[PDB]
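Asker: Next up, model_7.cif (mmCIF, C-alpha atoms).
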```
data_entry
loop_
_atom_site.group_PDB
_atom_site.id
_atom_site.type_symbol
_atom_site.label_atom_id
_atom_site.label_comp_id
_atom_site.auth_asym_id
_atom_site.auth_seq_id
_atom_site.Cartn_x
_atom_site.Cartn_y
_atom_site.Cartn_z
ATOM 1 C CA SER A 1 0.000 0.000 0.000
ATOM 2 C CA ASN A 2 2.871 2.325 0.981
ATOM 3 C CA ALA A 3 0.268 4.526 2.703
ATOM 4 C CA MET A 4 0.757 3.014 6.164
ATOM 5 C CA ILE A 5 4.518 3.491 6.088
ATOM 6 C CA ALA A 6 3.971 7.001 4.699
ATOM 7 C CA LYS A 7 1.832 7.799 7.745
ATOM 8 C CA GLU A 8 4.417 6.350 10.137
ATOM 9 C CA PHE A 9 7.194 8.251 8.345
ATOM 10 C CA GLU A 10 5.262 11.522 8.611
ATOM 11 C CA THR A 11 4.523 11.150 12.330
ATOM 12 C CA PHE A 12 8.214 10.525 13.021
ATOM 13 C CA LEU A 13 9.152 13.669 11.076
ATOM 14 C CA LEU A 14 6.896 15.813 13.269
ATOM 15 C CA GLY A 15 8.951 14.559 16.219
ATOM 16 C CA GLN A 16 11.975 16.442 14.853
ATOM 17 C CA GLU A 17 9.964 19.256 13.249
ATOM 18 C CA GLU A 18 11.496 21.896 15.531
ATOM 19 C CA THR A 19 15.082 20.669 15.046
ATOM 20 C CA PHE A 20 14.779 21.190 11.272
ATOM 21 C CA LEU A 21 15.403 24.943 11.450
ATOM 22 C CA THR A 22 18.938 26.251 11.085
ATOM 23 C CA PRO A 23 18.571 29.748 12.584
ATOM 24 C CA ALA A 24 19.913 32.843 10.859
ATOM 25 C CA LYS A 25 21.755 33.707 14.090
ATOM 26 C CA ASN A 26 24.577 31.237 13.359
ATOM 27 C CA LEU A 27 24.303 31.150 9.568
ATOM 28 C CA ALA A 28 26.577 32.806 7.022
ATOM 29 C CA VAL A 29 24.755 35.007 4.496
ATOM 30 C CA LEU A 30 25.549 37.713 1.934
ATOM 31 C CA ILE A 31 24.357 41.234 1.112
ATOM 32 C CA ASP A 32 22.623 41.908 -2.200
ATOM 33 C CA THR A 33 24.609 45.117 -2.835
ATOM 34 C CA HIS A 34 28.170 43.886 -2.319
ATOM 35 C CA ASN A 35 30.242 43.428 -5.455
ATOM 36 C CA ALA A 36 30.438 40.077 -7.225
ATOM 37 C CA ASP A 37 34.235 39.717 -7.228
ATOM 38 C CA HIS A 38 34.240 39.989 -3.429
ATOM 39 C CA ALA A 39 31.532 37.339 -3.045
ATOM 40 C CA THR A 40 33.576 34.983 -5.227
ATOM 41 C CA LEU A 41 36.410 35.331 -2.712
ATOM 42 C CA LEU A 42 34.040 34.632 0.186
ATOM 43 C CA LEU A 43 32.269 31.659 -1.405
ATOM 44 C CA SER A 44 35.636 30.163 -2.392
ATOM 45 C CA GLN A 45 36.386 29.641 1.324
ATOM 46 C CA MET A 46 32.999 29.042 2.997
ATOM 47 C CA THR A 47 31.902 25.511 3.857
ATOM 48 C CA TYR A 48 28.523 25.536 2.083
ATOM 49 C CA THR A 49 28.052 25.817 -1.676
ATOM 50 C CA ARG A 50 25.000 28.116 -1.453
ATOM 51 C CA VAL A 51 24.207 30.947 0.959
ATOM 52 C CA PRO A 52 21.178 33.141 1.602
ATOM 53 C CA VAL A 53 21.155 36.699 0.288
ATOM 54 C CA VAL A 54 19.810 39.393 2.621
ATOM 55 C CA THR A 55 20.077 43.187 2.941
ATOM 56 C CA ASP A 56 20.780 45.862 5.527
ATOM 57 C CA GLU A 57 17.017 45.899 6.153
ATOM 58 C CA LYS A 58 17.301 42.061 6.261
ATOM 59 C CA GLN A 59 14.798 41.490 3.443
ATOM 60 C CA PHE A 60 15.333 38.051 1.934
ATOM 61 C CA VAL A 61 16.381 38.464 -1.706
ATOM 62 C CA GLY A 62 17.270 34.893 -2.651
ATOM 63 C CA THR A 63 20.133 32.422 -2.762
ATOM 64 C CA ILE A 64 23.435 32.491 -4.632
ATOM 65 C CA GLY A 65 26.434 30.242 -5.163
ATOM 66 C CA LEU A 66 29.615 30.039 -7.180
ATOM 67 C CA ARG A 67 27.554 28.342 -9.896
ATOM 68 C CA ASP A 68 25.372 31.441 -10.264
ATOM 69 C CA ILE A 69 28.322 33.841 -10.061
ATOM 70 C CA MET A 70 30.633 31.958 -12.426
ATOM 71 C CA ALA A 71 27.762 31.458 -14.861
ATOM 72 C CA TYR A 72 27.172 35.212 -14.966
ATOM 73 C CA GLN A 73 30.896 35.851 -15.432
ATOM 74 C CA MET A 74 31.272 33.141 -18.091
ATOM 75 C CA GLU A 75 28.080 33.576 -20.105
ATOM 76 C CA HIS A 76 28.770 37.315 -20.314
ATOM 77 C CA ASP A 77 32.583 36.958 -20.539
ATOM 78 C CA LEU A 78 33.305 39.694 -18.005
ATOM 79 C CA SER A 79 36.687 40.610 -16.535
ATOM 80 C CA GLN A 80 37.530 40.832 -12.840
ATOM 81 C CA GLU A 81 37.343 44.640 -12.958
ATOM 82 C CA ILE A 82 33.719 44.504 -14.122
ATOM 83 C CA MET A 83 32.899 41.933 -11.417
ATOM 84 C CA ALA A 84 34.182 44.269 -8.708
ATOM 85 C CA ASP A 85 31.718 46.846 -10.108
ATOM 86 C CA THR A 86 28.720 44.494 -10.437
ATOM 87 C CA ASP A 87 26.150 44.043 -7.680
ATOM 88 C CA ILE A 88 25.363 40.524 -6.467
ATOM 89 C CA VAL A 89 21.616 40.958 -7.031
ATOM 90 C CA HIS A 90 22.040 40.765 -10.817
ATOM 91 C CA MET A 91 22.840 37.041 -10.486
ATOM 92 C CA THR A 92 21.130 36.176 -7.210
ATOM 93 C CA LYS A 93 18.653 33.339 -7.759
ATOM 94 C CA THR A 94 15.487 35.057 -6.531
ATOM 95 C CA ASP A 95 13.046 32.640 -8.221
ATOM 96 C CA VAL A 96 13.333 30.157 -5.351
ATOM 97 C CA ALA A 97 10.864 28.653 -2.895
ATOM 98 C CA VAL A 98 10.304 29.746 0.707
ATOM 99 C CA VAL A 99 8.167 28.725 3.699
ATOM 100 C CA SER A 100 6.652 30.567 6.650
ATOM 101 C CA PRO A 101 7.963 29.996 10.200
ATOM 102 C CA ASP A 102 4.877 27.807 10.735
ATOM 103 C CA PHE A 103 6.015 25.421 8.027
ATOM 104 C CA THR A 104 4.474 22.001 7.436
ATOM 105 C CA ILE A 105 6.405 18.822 6.698
ATOM 106 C CA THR A 106 4.700 18.360 3.317
ATOM 107 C CA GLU A 107 5.970 21.731 2.079
ATOM 108 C CA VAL A 108 9.487 20.986 3.349
ATOM 109 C CA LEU A 109 10.055 17.624 1.659
ATOM 110 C CA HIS A 110 8.357 18.817 -1.535
ATOM 111 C CA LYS A 111 10.297 22.067 -1.934
ATOM 112 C CA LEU A 112 13.564 20.412 -0.852
ATOM 113 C CA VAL A 113 13.534 18.442 -4.114
ATOM 114 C CA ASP A 114 14.531 21.498 -6.177
ATOM 115 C CA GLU A 115 16.818 23.453 -3.820
ATOM 116 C CA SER A 116 19.450 22.149 -1.411
ATOM 117 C CA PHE A 117 18.108 24.172 1.533
ATOM 118 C CA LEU A 118 14.798 25.854 2.300
ATOM 119 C CA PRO A 119 14.822 29.539 3.341
ATOM 120 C CA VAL A 120 12.711 30.408 6.387
ATOM 121 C CA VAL A 121 11.488 34.018 6.316
ATOM 122 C CA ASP A 122 8.788 35.754 8.368
ATOM 123 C CA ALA A 123 5.323 37.023 7.470
ATOM 124 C CA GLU A 124 6.949 40.473 7.170
ATOM 125 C CA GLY A 125 9.968 39.516 5.058
ATOM 126 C CA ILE A 126 12.818 39.096 7.543
ATOM 127 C CA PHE A 127 15.101 36.136 6.873
ATOM 128 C CA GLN A 128 15.164 33.997 10.022
ATOM 129 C CA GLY A 129 16.784 30.694 9.040
ATOM 130 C CA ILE A 130 16.964 27.763 6.639
ATOM 131 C CA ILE A 131 15.955 24.100 6.537
ATOM 132 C CA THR A 132 18.669 22.017 4.890
ATOM 133 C CA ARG A 133 18.434 18.717 3.048
ATOM 134 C CA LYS A 134 21.071 17.498 5.515
ATOM 135 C CA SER A 135 18.685 18.066 8.433
ATOM 136 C CA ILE A 136 15.887 16.031 6.839
ATOM 137 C CA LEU A 137 18.301 13.233 5.930
ATOM 138 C CA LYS A 138 19.442 13.101 9.565
ATOM 139 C CA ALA A 139 15.847 12.311 10.548
ATOM 140 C CA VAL A 140 15.527 9.737 7.754
ATOM 141 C CA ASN A 141 18.742 8.130 8.988
ATOM 142 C CA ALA A 142 17.461 8.140 12.585
ATOM 143 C CA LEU A 143 14.399 6.133 11.508
ATOM 144 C CA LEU A 144 16.522 3.115 10.532
ATOM 145 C CA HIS A 145 18.055 2.998 14.059
ATOM 146 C CA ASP A 146 15.099 2.745 16.438
ATOM 147 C CA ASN B 2 8.481 -0.601 16.863
ATOM 148 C CA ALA B 3 11.780 -1.720 15.321
ATOM 149 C CA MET B 4 9.664 -3.387 12.607
ATOM 150 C CA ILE B 5 9.047 0.069 11.141
ATOM 151 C CA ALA B 6 12.712 0.442 10.162
ATOM 152 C CA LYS B 7 12.330 -2.770 8.161
ATOM 153 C CA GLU B 8 9.187 -1.375 6.510
ATOM 154 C CA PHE B 9 10.898 1.896 5.581
ATOM 155 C CA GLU B 10 14.040 0.172 4.294
ATOM 156 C CA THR B 11 11.931 -2.231 2.220
ATOM 157 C CA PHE B 12 10.312 0.806 0.595
ATOM 158 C CA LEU B 13 13.633 2.527 -0.135
ATOM 159 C CA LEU B 14 15.009 -0.759 -1.488
ATOM 160 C CA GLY B 15 12.196 -0.471 -4.031
ATOM 161 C CA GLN B 16 13.501 2.957 -5.090
ATOM 162 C CA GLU B 17 16.906 1.870 -6.436
ATOM 163 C CA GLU B 18 16.089 3.254 -9.897
ATOM 164 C CA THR B 19 15.540 6.719 -8.360
ATOM 165 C CA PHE B 20 18.360 7.541 -5.933
ATOM 166 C CA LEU B 21 20.957 5.523 -7.891
ATOM 167 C CA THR B 22 21.789 7.239 -11.180
ATOM 168 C CA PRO B 23 24.116 5.235 -13.459
ATOM 169 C CA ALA B 24 27.250 6.747 -14.954
ATOM 170 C CA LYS B 25 25.634 6.346 -18.383
ATOM 171 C CA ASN B 26 23.202 9.168 -17.474
ATOM 172 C CA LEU B 27 25.811 11.505 -15.952
ATOM 173 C CA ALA B 28 28.192 14.172 -17.192
ATOM 174 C CA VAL B 29 31.724 13.340 -16.030
ATOM 175 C CA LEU B 30 35.066 15.069 -16.575
ATOM 176 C CA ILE B 31 38.447 13.637 -17.522
ATOM 177 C CA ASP B 32 41.191 14.443 -15.029
ATOM 178 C CA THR B 33 43.237 15.994 -17.866
ATOM 179 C CA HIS B 34 40.611 18.637 -18.682
ATOM 180 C CA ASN B 35 42.091 22.091 -18.176
ATOM 181 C CA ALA B 36 40.773 23.960 -15.144
ATOM 182 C CA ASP B 37 39.860 27.055 -17.181
ATOM 183 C CA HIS B 38 37.290 25.434 -19.474
ATOM 184 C CA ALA B 39 36.059 23.224 -16.623
ATOM 185 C CA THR B 40 34.943 26.401 -14.839
ATOM 186 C CA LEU B 41 32.872 27.318 -17.896
ATOM 187 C CA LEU B 42 31.690 23.703 -18.074
ATOM 188 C CA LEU B 43 30.724 23.566 -14.389
ATOM 189 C CA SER B 44 28.951 26.940 -14.448
ATOM 190 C CA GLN B 45 26.578 25.667 -17.154
ATOM 191 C CA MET B 46 25.744 22.387 -15.388
ATOM 192 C CA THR B 47 22.987 22.034 -12.798
ATOM 193 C CA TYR B 48 24.929 19.788 -10.396
ATOM 194 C CA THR B 49 27.269 21.320 -7.829
ATOM 195 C CA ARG B 50 29.746 18.414 -7.964
ATOM 196 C CA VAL B 51 30.638 16.165 -10.891
ATOM 197 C CA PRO B 52 32.770 12.998 -10.733
ATOM 198 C CA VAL B 53 36.240 12.886 -12.268
ATOM 199 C CA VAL B 54 37.453 9.824 -14.175
ATOM 200 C CA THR B 55 40.488 8.901 -16.255
ATOM 201 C CA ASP B 56 40.452 8.004 -19.951
ATOM 202 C CA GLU B 57 39.740 4.414 -18.816
ATOM 203 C CA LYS B 58 36.835 5.483 -16.538
ATOM 204 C CA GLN B 59 38.926 5.031 -13.372
ATOM 205 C CA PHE B 60 37.195 7.069 -10.667
ATOM 206 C CA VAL B 61 39.521 9.835 -9.481
ATOM 207 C CA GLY B 62 37.169 11.937 -7.378
ATOM 208 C CA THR B 63 34.590 14.702 -7.417
ATOM 209 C CA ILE B 64 35.135 18.353 -8.308
ATOM 210 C CA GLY B 65 33.192 21.579 -7.917
ATOM 211 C CA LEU B 66 33.646 25.265 -8.593
ATOM 212 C CA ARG B 67 34.810 25.834 -5.011
ATOM 213 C CA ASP B 68 37.632 23.349 -5.601
ATOM 214 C CA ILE B 69 38.733 25.212 -8.733
ATOM 215 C CA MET B 70 38.210 28.656 -7.185
ATOM 216 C CA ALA B 71 40.008 27.912 -3.918
ATOM 217 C CA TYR B 72 42.873 26.310 -5.849
ATOM 218 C CA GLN B 73 43.408 29.497 -7.870
ATOM 219 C CA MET B 74 43.318 31.605 -4.692
ATOM 220 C CA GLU B 75 45.666 29.367 -2.716
ATOM 221 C CA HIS B 76 48.140 29.248 -5.618
ATOM 222 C CA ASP B 77 47.850 32.779 -7.105
ATOM 223 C CA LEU B 78 47.505 31.261 -10.581
ATOM 224 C CA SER B 79 46.687 33.441 -13.580
ATOM 225 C CA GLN B 80 44.119 32.600 -16.247
ATOM 226 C CA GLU B 81 46.683 31.332 -18.763
ATOM 227 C CA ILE B 82 48.304 28.994 -16.222
ATOM 228 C CA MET B 83 44.989 27.167 -15.866
ATOM 229 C CA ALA B 84 44.632 26.658 -19.588
ATOM 230 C CA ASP B 85 47.470 24.170 -18.991
ATOM 231 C CA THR B 86 46.525 22.921 -15.495
ATOM 232 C CA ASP B 87 44.702 19.604 -15.204
ATOM 233 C CA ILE B 88 41.716 19.455 -12.851
ATOM 234 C CA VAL B 89 43.172 16.372 -11.134
ATOM 235 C CA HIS B 90 45.465 18.721 -9.199
ATOM 236 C CA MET B 91 42.360 20.145 -7.492
ATOM 237 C CA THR B 92 40.037 17.161 -7.691
ATOM 238 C CA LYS B 93 38.816 16.076 -4.253
ATOM 239 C CA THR B 94 40.142 12.531 -3.930
ATOM 240 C CA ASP B 95 39.345 12.407 -0.185
ATOM 241 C CA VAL B 96 35.707 11.393 -0.620
ATOM 242 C CA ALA B 97 33.754 8.416 0.698
ATOM 243 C CA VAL B 98 32.386 6.046 -1.950
ATOM 244 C CA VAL B 99 30.395 2.794 -1.929
ATOM 245 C CA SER B 100 30.604 -0.447 -3.860
ATOM 246 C CA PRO B 101 27.593 -1.602 -5.916
ATOM 247 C CA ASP B 102 26.953 -3.959 -2.965
ATOM 248 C CA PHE B 103 25.765 -1.126 -0.738
ATOM 249 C CA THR B 104 23.188 -1.318 2.036
ATOM 250 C CA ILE B 105 20.535 1.344 2.572
ATOM 251 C CA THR B 106 21.691 1.862 6.166
ATOM 252 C CA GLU B 107 25.237 2.727 5.042
ATOM 253 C CA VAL B 108 24.141 4.926 2.125
ATOM 254 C CA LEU B 109 22.236 7.207 4.497
ATOM 255 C CA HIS B 110 25.190 6.862 6.873
ATOM 256 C CA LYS B 111 27.511 8.213 4.168
ATOM 257 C CA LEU B 112 25.015 10.857 2.993
ATOM 258 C CA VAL B 113 25.020 12.569 6.392
ATOM 259 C CA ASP B 114 28.715 13.544 6.140
ATOM 260 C CA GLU B 115 28.455 14.518 2.454
ATOM 261 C CA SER B 116 25.786 15.137 -0.178
ATOM 262 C CA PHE B 117 27.465 13.259 -3.052
ATOM 263 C CA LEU B 118 28.053 9.496 -2.921
ATOM 264 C CA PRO B 119 29.743 7.852 -5.928
ATOM 265 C CA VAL B 120 29.485 4.147 -6.709
ATOM 266 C CA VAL B 121 32.835 2.517 -7.518
ATOM 267 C CA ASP B 122 33.292 -1.214 -8.039
ATOM 268 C CA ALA B 123 36.168 -3.221 -6.575
ATOM 269 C CA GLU B 124 38.217 -2.625 -9.736
ATOM 270 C CA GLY B 125 38.011 1.172 -9.629
ATOM 271 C CA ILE B 126 35.596 2.033 -12.437
ATOM 272 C CA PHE B 127 32.992 4.726 -11.803
ATOM 273 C CA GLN B 128 29.438 3.389 -12.137
ATOM 274 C CA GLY B 129 27.051 5.933 -10.605
ATOM 275 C CA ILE B 130 26.203 8.364 -7.825
ATOM 276 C CA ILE B 131 23.657 8.741 -5.025
ATOM 277 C CA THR B 132 22.805 12.240 -3.804
ATOM 278 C CA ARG B 133 20.715 13.687 -0.997
ATOM 279 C CA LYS B 134 18.540 15.221 -3.717
ATOM 280 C CA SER B 135 18.038 11.790 -5.282
ATOM 281 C CA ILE B 136 17.096 10.147 -1.979
ATOM 282 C CA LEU B 137 14.610 12.927 -1.241
ATOM 283 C CA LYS B 138 13.028 12.081 -4.594
ATOM 284 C CA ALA B 139 12.681 8.498 -3.356
ATOM 285 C CA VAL B 140 10.928 9.438 -0.108
ATOM 286 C CA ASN B 141 8.785 11.928 -2.032
ATOM 287 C CA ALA B 142 7.004 8.868 -3.439
ATOM 288 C CA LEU B 143 5.328 8.821 -0.004
ATOM 289 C CA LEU B 144 4.341 12.499 -0.238
ATOM 290 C CA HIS B 145 1.027 11.864 -2.003
ATOM 291 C CA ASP B 146 -0.029 9.740 0.996
ATOM 292 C CA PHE B 147 0.799 12.632 3.344
ATOM 293 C CA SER B 148 -2.074 14.317 5.178
ATOM 294 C CA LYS B 149 -2.457 17.858 6.484
ATOM 295 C CA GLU B 150 -0.823 19.035 9.703
ATOM 296 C CA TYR B 151 -4.055 19.642 11.647
ATOM 297 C CA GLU B 152 -5.229 16.100 10.754
ATOM 298 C CA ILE B 153 -2.854 14.449 13.273
ATOM 299 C CA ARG B 154 -2.628 15.171 17.005
#
```
Step by step, read the file and then write its structure as structure tokens.
Answerer:
Amino acid sequence: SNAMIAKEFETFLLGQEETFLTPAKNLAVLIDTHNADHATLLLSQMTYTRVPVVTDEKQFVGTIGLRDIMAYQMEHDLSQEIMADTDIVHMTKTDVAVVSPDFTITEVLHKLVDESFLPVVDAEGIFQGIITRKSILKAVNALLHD
Amino acid sequence: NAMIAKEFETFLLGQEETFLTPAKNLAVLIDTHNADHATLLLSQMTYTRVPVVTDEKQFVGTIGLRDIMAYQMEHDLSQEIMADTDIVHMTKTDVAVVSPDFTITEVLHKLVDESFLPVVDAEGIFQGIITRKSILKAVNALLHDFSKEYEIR
């Protein structure tokens, strides 16, 4: 049937529903108005391959990675001097998904198919954290040892 | 009940053709590809990491743009120097892989330390990969049988 195991798998996920959030407090992000050459230097040393993009007013703009930056620099064949004069927002992936702080497990697992982590903003627009694929896979791995 | 872990593993065992993508359906890179064009090549692909093989499909490792970018920074290399630099010099060879005789419990075990799990046979030939994205596709087969939040208490 696969509907009984789907119900048992869902109930177990609600047990770790609160431990899914990676808060913005300890979470490296970027500013949408810093230059692109500088963000290439920062992303070339950070641990994660994609980071959230916020502002001074902390409005969530989107996500960005070296893939998005290098694609902009390669597709348009732009030198390093032009990159130091180009804002990050012109290559920030803004057409991404997002969930409210009162997120449901069905939205999480569904939207986590397309992006590697799920941004958690507020009802106003303030970026507050992310839900990573790694966090969900930790719960899936904890189900096999019980 | 510990019987549930058997039920869930039985389901995932029925998803082999989803989380396991064969090398035949993957874009790989030869270790002798120059690091300059590989940056163009990687920027156009949708995957963050791609496996690296020899001319005889011997699995070398995985590579991403961070590996190329951090290598240029660490070594102060110019653009022309990387038209002659092979990507093997920056390919991540310190990765965990699995044989085709993998268990579900150890695939998830390996996919908690990394997000990219290659499949290499005992000889050394690259056969396929398993990603966190691909496993989430497998468990998303249960998503249609998911109910609303306020329907469980």
Asker: To test your reading of the syntax: which residues would the PyMOL selection byres ((chain A) within 6 of (chain B)) return for the file shown? Reply as a list in words.
Answerer: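 That selection, the PyMOL selection byres ((chain A) within 6 of (chain B)), comes back as residues 3, 6, 44, 67, 70, 71, 113, 141, 144 and 146 of chain A.
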Asker: Give me the result of the PyMOL selection byres ((chain B and resi 118) around 8) on this file, residue by residue, as a list in words.
Answerer: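 For this structure, the PyMOL selection byres ((chain B and resi 118) around 8) resolves to residues 97, 98, 99, 108, 111, 112, 115, 116, 117, 119, 120, 130, 131 and 132 of chain B.
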Asker: Go ahead and compute the interatomic distance for atom CA of residue B:51 and atom CA of residue B:24, in Å to one decimal.
Answerer: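 It comes out at 10.8 Å.
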Asker: With a distance cut-off of 10 Å and all atoms listed in the file, select the neighbouring residues of stretch 54-65 of chain A, excluding the residue or stretch itself and same-chain residues fewer than 4 positions from it, and output the selection as a VMD selection string.
Answerer: (chain A and resid 29 to 34 39 to 40 43 to 44 48 to 50 69 to 71 88 to 89 91 to 98 115 117 to 122 124 to 128) or (chain B and resid 49 66 to 67)
Asker: In Å, with one decimal, what is the gap from atom CA of residue A:79 to atom CA of residue A:41?
Answerer: 14.8 Å
Asker: In Å, how far is it from atom CA of residue A:107 to atom CA of residue A:10?
Answerer: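 Atom CA of residue A:10 lies at a distance of 12.1 Å from atom CA of residue A:107.
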Asker: Centre and edge lengths of an axis-aligned box around all listed atoms of stretch 60-78 of chain B, with 4 Å added on each side, are to be given in Å to one decimal, as AutoDock Vina command-line options.
Answerer:
```
--center_x 40.7 --center_y 19.9 --center_z -6.7 --size_x 22.9 --size_y 33.7 --size_z 16.0
```
